[PDB]
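Input: a single structure, listed below in structure tokens.
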Amino acid sequence: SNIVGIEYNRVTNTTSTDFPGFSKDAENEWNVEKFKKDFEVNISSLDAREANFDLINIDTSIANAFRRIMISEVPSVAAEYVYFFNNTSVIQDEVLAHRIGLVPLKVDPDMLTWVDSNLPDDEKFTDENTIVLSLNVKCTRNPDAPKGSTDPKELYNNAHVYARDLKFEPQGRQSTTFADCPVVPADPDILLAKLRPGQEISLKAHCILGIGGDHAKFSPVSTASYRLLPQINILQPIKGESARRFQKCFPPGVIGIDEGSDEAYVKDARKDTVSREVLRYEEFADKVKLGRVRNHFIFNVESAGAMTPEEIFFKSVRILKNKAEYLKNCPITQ
Amino acid sequence: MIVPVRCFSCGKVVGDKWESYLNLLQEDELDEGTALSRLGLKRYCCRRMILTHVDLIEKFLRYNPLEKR
Amino acid sequence: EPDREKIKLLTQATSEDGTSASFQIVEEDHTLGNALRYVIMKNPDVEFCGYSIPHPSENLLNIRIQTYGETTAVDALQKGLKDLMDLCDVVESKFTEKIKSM
Amino acid sequence: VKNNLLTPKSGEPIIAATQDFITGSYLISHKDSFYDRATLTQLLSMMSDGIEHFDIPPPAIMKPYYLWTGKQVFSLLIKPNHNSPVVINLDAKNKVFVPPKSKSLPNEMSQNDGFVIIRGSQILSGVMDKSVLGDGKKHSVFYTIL
Amino acid sequence: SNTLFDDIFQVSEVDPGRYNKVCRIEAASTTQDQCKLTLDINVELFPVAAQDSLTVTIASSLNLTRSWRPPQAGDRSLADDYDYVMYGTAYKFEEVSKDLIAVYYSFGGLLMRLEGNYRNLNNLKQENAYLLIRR
Amino acid sequence: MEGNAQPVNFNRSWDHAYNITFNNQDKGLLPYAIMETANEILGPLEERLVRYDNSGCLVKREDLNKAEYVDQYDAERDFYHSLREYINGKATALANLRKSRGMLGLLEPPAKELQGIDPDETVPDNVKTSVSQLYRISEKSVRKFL
Ligand SMILES: [Zn+2]
């Protein structure tokens with residue numbers, strides 16, 4: 001079977017069993033035509049920052065590879081070096097640099113070139129491989145302030161250094177390439193720092209592109225994950241008040257009661273988060289069986305704002321294909 | 001001392017929800033459990049980021065050394 | 001020009017006739033090892049396909065392929081990589097068709 | 001470390017399986033642990049870093065599917081291939097031993113796999129626990145191999 | 001030809017104790033009064049109920065590199081007309097009384113005790129054997 | 001030491017010797033043959049341990065077990081006696097089951113005619129194969145165990 005059964009104390013049938021050698025029939029040999037016929041993609045939602053889509057009739061290894069590549073192998077642009085001029089804040093320089101490196105930047109990674117590490121620092125950063133962001137905030141006491149006010153936004157002028165203060169400074173040909181798509185943070189309301197009068201922040205951040213495995217600030221996804229499609233089988237009819245109890249073991253939109261026969265039936269198993277409450281009660285034993293479809297993945301890819309989640313998934317598929325091609329083209333050394 | 005920019009577990013940007021959370025509790029008088037849901041924090045790892053946050057920056061800023069106290 | 005340091009055949013673990021072999025791959029991890037294991041295991045001539053990361057500190061992957069006498073392990077590895085490319089192409093085509101549809 | 005696997009206090013092994021290694025071995029050797037060829041091969045590559053050559057034994061179940069028991073996994077762990085010289089025979093009791101229904105029956109016919117029997121290098125009965133893989137007992141697998 | 005033993009048994013009890021996939025069944029032989037069987041069976045693949053008749057045979061081979069290779073699909077074997085085939089080793093021949101011996105088989109950890117007169121169990125030779133069970 | 005305050009564990013060593021010298025084509029040994037092989041192996045080992053008195057001369061056979069003639073070789077003699085007793089127990093079990101199957105139990109050496117043993121009074125297919133199944137101790141097995 002292909003249904004991961006869910007019991008009250010254990011999870012059964014979790015390993016894929018589609019390969020020759022599993023049975024004497026010697027079936028499930030790799031055929032690209034059968035996979036092309038069986039594989040399906042169903043898009044349920046496609047927003048600017050979130051995509052939800054079902055992959056049907058694909059193996060667990062490939063879906064997990066897609067998830068891992070989206071998390072740690074798809075490049076994105078984040079701040080890497082911070083040069084400080086007169087950081088007078090109570091926030092330390094290391095903490096402020098870390099926070100600036102953690103903001104997401106709305107830069108297409110395809111427009112930047114990878115930075116050669118072995119090159120010296122005098123010629124390491126070019127206009128093709130570095131984006132310079134300037135921050136300059138001074139806090140002054142407000143003269144036209146309310147008499148009895150206590151809000152920091154009225155007693156002071158720049159008491160909150162936000163992410164939108166990271167202005168973009170074009171360098172060289174970036175004045176033309178970045179003309180229609182200026183560099184802005186994806187979340188301009190990020191509270192980078194708080195100030196009081198007499199305090200000043202002035203800094204230049206060099207931003208490069210890297211992969212999420214090196215540092216978590218380069219991951220282009222808020223979260224990239226999948227969950228198998230739940231499956232509830234009502235083996236025997238459940239009628240009457242118990243059916244109402246059978247409705248309370250699940251989220252409200254999962255299982256409904258027919259008006260005519262007054263019996264419970266599954267309405268939307270997608271909403272069914274597996275809390276396995278129904279297995280606690282002895283009255284529903286030998287009446288309900290829970291499982292998950294092993295080859296029905298529901299990907300929910302939430303982007304960090306740099307680029308669209310569908311682009312992230314496409315880049316992950318392309319990265320896996322390029323890894324396979326690179327290993328195929330390499331010679332084998334003894 | 002200040003709200004983290006990103007949630008530790010997943011990576012969601014929760015640093016921009018602090019001011020809105022404070023406004024929802026102060027102005028709209030919403031409970032803490034509904035203000036978090038109104039800000040898009042569904043996963044509990046993100047909810048504990050600004051539900052457990054102790055804003056020590058305001059207390060530290062009382063002792064500013066470049067301006068009389 | 002070719003990368004001679006990427007994939008190696010460990011002679012101390014291979015067989016005389018090439019039926020069983022072990023390959024060491026640099027700068028790879030589970031995200032390719034698991035896919036290669038799944039694809040190569042679908043070959044009817046392969047009886048032992050398994051990968052391992054000997055140490056998390058080393059970015060390394062050892063994959064062992066033992067076959068029957070009909071095909072060598074190198075042919076099994078190449079066929080598995082080609083089939084993985086075909087799988088990725090099919091997934092890419094279906095995904096872009098569904099994005100263009102909606 | 002190799003030449004000091006036994007404490008001189010009593011001659012018993014002191015370098016052996018510890019916590020989180022006994023539990024995993026017990027869960028592998030548990031009686032309801034059946035593995036197909038893919039899982040078996042993955043586990044065998046997991047214990048050898050993709051180096052050792054493994055001779056796959058015929059499965060314990062053949063007609064519905066081809067399934068290997070985790071006791072066969074541990075038999076391969078003791079003796080990977082025919083070139084390996086490790087052939088150990090032992091009979092031992094586990095920590096929790098419930099005697100069989102009749103006293104005339106031998107110890108291997110006990111409930112909960114109390115008695116472990118290793119003939120050749122195959123594990124024919126019993127589960128692997130602190131009495132067989134751990135320290136403090138002179139009837140353990142590693143002591144017999146040493 | 002290769003059938004060392006063949007007999008029809010009636011199952012008297014099933015003990016699923018402390019286990020979820022393997023059950024220890026006890027069966028009595030209908031044809032011979034002396035023969036009894038205690039066998040561990042994967043109940044998920046081969047469901048066994050109480051008071052269910054089933055045919056048990058023990059054979060030396062199912063025929064009509066050193067690692068194990070599956071039989072080719074489409075060949076004819078003794079397993080074609082059976083529902084549950086196991087592979088194991090006989091490791092112990094013991095005596096219970098006069099004219100009554102017990103043979104112990106271990107199919108990779110699943111045990112079988114077969115007790116009967118030594119006239120009927122004369123063909124078991126302490127080697128690898130197949131256990132074929134049919135409902 | 002591999003036993004409960006003993007230099008060697010007899011049961012595990014016997015099982016190991018039986019398993020590593022297993023051969024279905026090897027003819028079994030009668031109990032007197034097993035005892036003869038054990039005596040041939042163990043004879044010169046306990047015959048070189050001559051017992052001397054405190055003066056420095058040989059001890060008569062009539063007072064070999066007296067307390068005043070205890071030497072430093074009594075541990076080796078006790079070990080050899082225990083080994084012989086274990087082998088004799090195995091031979092006694094074989095002889096007892098041979099007696100139970102309606103045959104002659106040759107625990108003691110036979111007479112000097114040596115014209116063959118159990119040629120025709122013993123049924124070949126019925127009762128030779130049964131005693132061959134239940135106990136088959138070969139010369140290789142007992143020699144390897146010793
Ligand atoms: Zn989170």
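Just remember, in the structure tokens the first chain shown is A, the second B, etc., residues are 1-based per chain, and ligands are 1-based in the order shown.
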
Against ligand 1, which residues of chain A fall within 12 Å? For each one I want the closest pair of atoms and the distance in Å (one decimal), counting only C-alpha atoms and all ligand atoms, rows by chain and increasing residue number, as CSV.
residue,atom,partner,partner_atom_place_in_ligand_line,distance
A:221,CA,ligand 1,1 (Zn),11.7
A:222,CA,ligand 1,1 (Zn),8.1
A:223,CA,ligand 1,1 (Zn),8.3
A:224,CA,ligand 1,1 (Zn),11.8
A:302,CA,ligand 1,1 (Zn),11.6

Restricting the output to N, CA, C and O atoms, write the selected residues as an mmCIF file, in the first residue's frame.
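For reference, out17.cif as written:
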data_model
loop_
_atom_site.group_PDB
_atom_site.id
_atom_site.type_symbol
_atom_site.label_atom_id
_atom_site.label_comp_id
_atom_site.auth_asym_id
_atom_site.auth_seq_id
_atom_site.Cartn_x
_atom_site.Cartn_y
_atom_site.Cartn_z
ATOM 1 N N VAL A 221 13.705 31.639 2.062
ATOM 2 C CA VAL A 221 12.386 31.173 2.471
ATOM 3 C C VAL A 221 12.203 31.407 3.965
ATOM 4 O O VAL A 221 13.111 31.156 4.765
ATOM 5 N N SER A 222 11.037 31.942 4.330
ATOM 6 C CA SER A 222 10.633 32.025 5.727
ATOM 7 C C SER A 222 10.476 30.617 6.275
ATOM 8 O O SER A 222 11.027 30.283 7.327
ATOM 9 N N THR A 223 9.725 29.788 5.554
ATOM 10 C CA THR A 223 9.713 28.352 5.772
ATOM 11 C C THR A 223 9.316 27.653 4.479
ATOM 12 O O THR A 223 8.427 28.108 3.749
ATOM 13 N N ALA A 224 10.020 26.569 4.176
ATOM 14 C CA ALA A 224 9.697 25.697 3.058
ATOM 15 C C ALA A 224 9.494 24.301 3.619
ATOM 16 O O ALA A 224 10.430 23.706 4.162
ATOM 17 N N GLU A 302 6.926 29.782 1.871
ATOM 18 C CA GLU A 302 6.766 31.186 2.224
ATOM 19 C C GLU A 302 8.085 31.895 1.957
ATOM 20 O O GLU A 302 9.120 31.512 2.510
#

For chain D against chain E, with a cut-off of 6 Å and counting only C-alpha atoms, what is the closest atom pair and its distance in Å to one decimal for every residue that makes the cut, ordered by chain and number, as a Markdown table?
| residue | atom | partner | partner_atom | distance |
| --- | --- | --- | --- | --- |
| D:32 | CA | E:21 | CA | 5.5 |
| D:55 | CA | E:67 | CA | 4.5 |
| D:56 | CA | E:67 | CA | 4.6 |
| D:57 | CA | E:68 | CA | 5.7 |
| D:58 | CA | E:68 | CA | 5.4 |
| D:60 | CA | E:87 | CA | 4.9 |
| D:61 | CA | E:86 | CA | 4.6 |
| D:62 | CA | E:85 | CA | 5.3 |
| D:63 | CA | E:85 | CA | 4.9 |
| D:124 | CA | E:109 | CA | 4.9 |
| D:125 | CA | E:109 | CA | 4.9 |

* To do: Kindly provide, as a ChimeraX atom specification, the residues of chain D having any atom no farther than 9 Å from an atom of chain A, counting only C-alpha atoms.
  => /D:36-39,62-67

Only N, CA and C atoms, please: the residues just picked out, written as a compact mmCIF listing (two decimals), in the first residue's frame.
# COMPACT_ATOMS: atom_id res chain seq x y z
N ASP D 36 12.60 -4.04 4.00
CA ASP D 36 12.78 -4.42 2.61
C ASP D 36 14.25 -4.26 2.22
N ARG D 37 14.56 -4.53 0.95
CA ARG D 37 15.95 -4.52 0.52
C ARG D 37 16.53 -3.11 0.52
N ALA D 38 15.72 -2.10 0.19
CA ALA D 38 16.22 -0.73 0.19
C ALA D 38 16.61 -0.29 1.60
N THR D 39 15.74 -0.54 2.58
CA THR D 39 16.03 -0.16 3.96
C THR D 39 17.19 -0.98 4.52
N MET D 62 9.28 -14.48 2.07
CA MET D 62 9.47 -14.45 0.63
C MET D 62 8.19 -14.33 -0.19
N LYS D 63 7.07 -14.94 0.23
CA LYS D 63 5.92 -15.02 -0.68
C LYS D 63 5.19 -13.69 -0.83
N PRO D 64 4.66 -13.05 0.26
CA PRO D 64 3.96 -11.77 0.03
C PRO D 64 4.92 -10.68 -0.44
N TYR D 65 5.97 -10.42 0.34
CA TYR D 65 7.02 -9.49 -0.01
C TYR D 65 8.36 -10.12 0.35
N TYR D 66 9.44 -9.39 0.11
CA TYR D 66 10.78 -9.79 0.54
C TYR D 66 11.17 -8.90 1.71
N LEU D 67 11.16 -9.46 2.91
CA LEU D 67 11.41 -8.69 4.13
C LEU D 67 12.52 -9.33 4.94

How close does chain D get to chain C? List, as a tab-separated table, each residue of chain D within 8 Å, its nearest atom pair and the distance in Å to one decimal, counting only C-alpha atoms.
residue	atom	partner	partner_atom	distance
D:37	CA	C:47	CA	7.8
D:38	CA	C:41	CA	7.0
D:41	CA	C:48	CA	5.7
D:42	CA	C:50	CA	4.8
D:44	CA	C:50	CA	7.7
D:45	CA	C:50	CA	5.2
D:46	CA	C:52	CA	5.7
D:49	CA	C:52	CA	5.2
D:50	CA	C:64	CA	5.1
D:51	CA	C:13	CA	5.5
D:52	CA	C:13	CA	6.6
D:53	CA	C:13	CA	7.3

Using backbone DSSP assignments, extract all strand (DSSP E) residues from chain C; output them as a PyMOL selection string. chain C and resi 7-9+20-26+46-52+60-67

Can you pull out the residues contacting residue 37 in chain A? Cut-off 12 Å, using only C-alpha atoms, and skip same-chain residues under 2 positions away; I want them as a compact mmCIF listing (two decimals) with C-alpha atoms, in the first residue's frame.
# COMPACT_ATOMS: atom_id res chain seq x y z
CA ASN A 31 10.15 4.27 -16.52
CA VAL A 32 10.16 7.97 -17.39
CA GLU A 33 6.90 7.61 -19.34
CA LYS A 34 5.05 6.09 -16.38
CA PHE A 35 6.40 8.81 -14.08
CA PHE A 39 3.09 12.85 -11.68
CA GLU A 40 0.75 15.78 -11.05
CA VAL A 41 1.02 19.34 -9.74
CA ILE A 56 1.15 13.97 -6.51
CA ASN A 57 2.84 10.62 -7.28
CA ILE A 58 6.43 11.62 -6.51
CA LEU C 87 12.85 13.15 -13.31
CA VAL C 90 9.55 16.11 -15.94
CA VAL C 91 8.87 17.90 -12.64
CA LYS C 94 4.76 19.96 -15.18

- Can you tell me, as a ChimeraX atom specification, what residues are no more than 8 Å from residue 55 in chain E when counting only C-alpha atoms, ignoring any on the same chain fewer than 4 positions away? /E:6-9,133-135

Exercise. For chain C against chain E, which residues fall within 9 Å using only C-alpha atoms, given as JSON, numbers by chain?
Worked result: {"C": [19, 47, 67, 68, 69]}

Take the residues from that selection and write them out as a PDB file, in the first residue's frame, keeping N, CA, C and O atoms.
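Result went into part09.pdb, see below:
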ATOM      1  N   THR C  19      31.887  -5.222 -10.486  1.00  0.00           N
ATOM      2  CA  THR C  19      30.493  -5.444 -10.119  1.00  0.00           C
ATOM      3  C   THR C  19      30.111  -4.636  -8.884  1.00  0.00           C
ATOM      4  O   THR C  19      29.049  -4.004  -8.847  1.00  0.00           O
ATOM      5  N   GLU C  47      21.542  -4.529  -6.592  1.00  0.00           N
ATOM      6  CA  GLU C  47      21.081  -5.154  -5.361  1.00  0.00           C
ATOM      7  C   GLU C  47      21.525  -4.416  -4.105  1.00  0.00           C
ATOM      8  O   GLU C  47      20.959  -4.660  -3.034  1.00  0.00           O
ATOM      9  N   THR C  67      26.098  -4.620  -7.775  1.00  0.00           N
ATOM     10  CA  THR C  67      25.154  -5.085  -8.775  1.00  0.00           C
ATOM     11  C   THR C  67      25.236  -6.602  -8.891  1.00  0.00           C
ATOM     12  O   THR C  67      25.899  -7.276  -8.100  1.00  0.00           O
ATOM     13  N   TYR C  68      24.523  -7.138  -9.872  1.00  0.00           N
ATOM     14  CA  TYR C  68      24.732  -8.510 -10.307  1.00  0.00           C
ATOM     15  C   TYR C  68      25.764  -8.498 -11.433  1.00  0.00           C
ATOM     16  O   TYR C  68      26.425  -7.488 -11.689  1.00  0.00           O
ATOM     17  N   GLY C  69      25.920  -9.617 -12.126  1.00  0.00           N
ATOM     18  CA  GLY C  69      26.949  -9.687 -13.140  1.00  0.00           C
ATOM     19  C   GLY C  69      26.630  -9.044 -14.470  1.00  0.00           C
ATOM     20  O   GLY C  69      27.508  -8.988 -15.334  1.00  0.00           O
TER      21      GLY C  69
END

| task | Find the residues around residue 88 in chain D up to 9 Å (only C-alpha atoms counted), leave out those fewer than 3 positions away in its own chain, and share them as a PyMOL selection string. | result | (chain D and resi 78+118-122+141+144-145) or (chain F and resi 16)
